[PDB]
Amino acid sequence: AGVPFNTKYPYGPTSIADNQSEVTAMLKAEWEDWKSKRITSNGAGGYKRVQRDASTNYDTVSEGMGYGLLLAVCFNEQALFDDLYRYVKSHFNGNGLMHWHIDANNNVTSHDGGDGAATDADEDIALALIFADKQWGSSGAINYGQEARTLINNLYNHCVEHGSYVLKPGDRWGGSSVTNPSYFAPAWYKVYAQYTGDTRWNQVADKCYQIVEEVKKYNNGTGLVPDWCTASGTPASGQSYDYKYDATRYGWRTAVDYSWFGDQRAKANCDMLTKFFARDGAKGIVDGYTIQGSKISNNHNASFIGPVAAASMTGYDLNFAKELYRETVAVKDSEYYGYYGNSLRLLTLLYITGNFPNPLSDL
């Protein structure tokens, strides 16, 4: 079970790794490294949690739990998965969604609405539970399927704007006036629809593509999306409208929709994004651009490489894709800031090596 999955994506390439035989050993080593640095029982209330790095004093954000659960199930670590999930369950708010911010002492933060939920985190946690149900079954200590069905319902009821199907960034704010393209996970929603029978999720997926279609009027054909925007693709008041640390995840979530479902809107969007980055090459990728393409920051790090390699999966240029795979493996952030970028690096590596199959397919 788990890595290596030995499965083939129904659309596009299954892997862009140059040496398929060494990939498995590499993934396992990177996972062991991630595990030792990120997983801790300190401040976990008797379970385990994914901690951020020294830069934020080893706190925990729900986003980290989503990443950790997806990685734990893909690497077939059931005992770890269960302990991480018990921590999540001990942090479900009044709406049945996870507190987004908790300190290293297990206290929810009050200055930043830490008790509210962040949509991208819970959607990742829900997908991880589906993988768990499919891989291991739900007759053990935790009934993954039931937990998944419950979380998906809460996600729809509190994180989707009724009537418009616009994805909200949290359970208590946003929607048409402010949403986050990097949270758009059409492949996840299609899986939710098929897994639960709730077809409303397909509408949410379509609405995500319609919003990005609006963004295309302002990005000058670069394929770049803003960190935040309204449902009209315009700037959200007081929120970044540039392609920075949030937006970088868009290429990864979108590419998966092409690999799993062959969605042509996904290919069109990812090919555009890949073509933009092809101008400067794999080494030229920096950590900040306006959506029209101007460089606004100049650091080359792990938060921005892997997502572009993921986007290259849709087939703009398979030679450039190999260079991007090589760069993704090569660039690993220092430990002081080792949480975010290194987590995205490992998730994208699973995907681009053919190790992130649709959990509803034949595993």
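So that there is no doubt, residue numbering starts at 1 and follows the sequence shown.
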Higher of the two mean Cα B-factors (93-101, 131-139; per PDB record) comes from 131-139
Going by the entry, of stretches 16-24 and 339-347 the one with greater average Cα B-factor is 16-24
Would you mind finding, among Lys244, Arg172, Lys267, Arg253, the residue with the largest C-alpha temperature factor in the entry?
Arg172
Options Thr196, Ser259, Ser182, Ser240 - largest CA temperature factor per the record:
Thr196
For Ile296, return the chain-relative third of its C-alpha B-factor as stated in the PDB record: lowest, middle or highest.
middle
Relative to the other modelled residues of the same chain, rank the CA B-factor of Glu323 and answer lowest, middle or highest third.
highest
Relative to the other modelled residues in the chain, which third contains the C-alpha temperature factor of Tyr192: lowest, middle or highest?
middle
So, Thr150's CA B-factor, relative to its chain, sits in which third? The middle
Chain-relative C-alpha B factor for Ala282 (record values, thirds): the highest
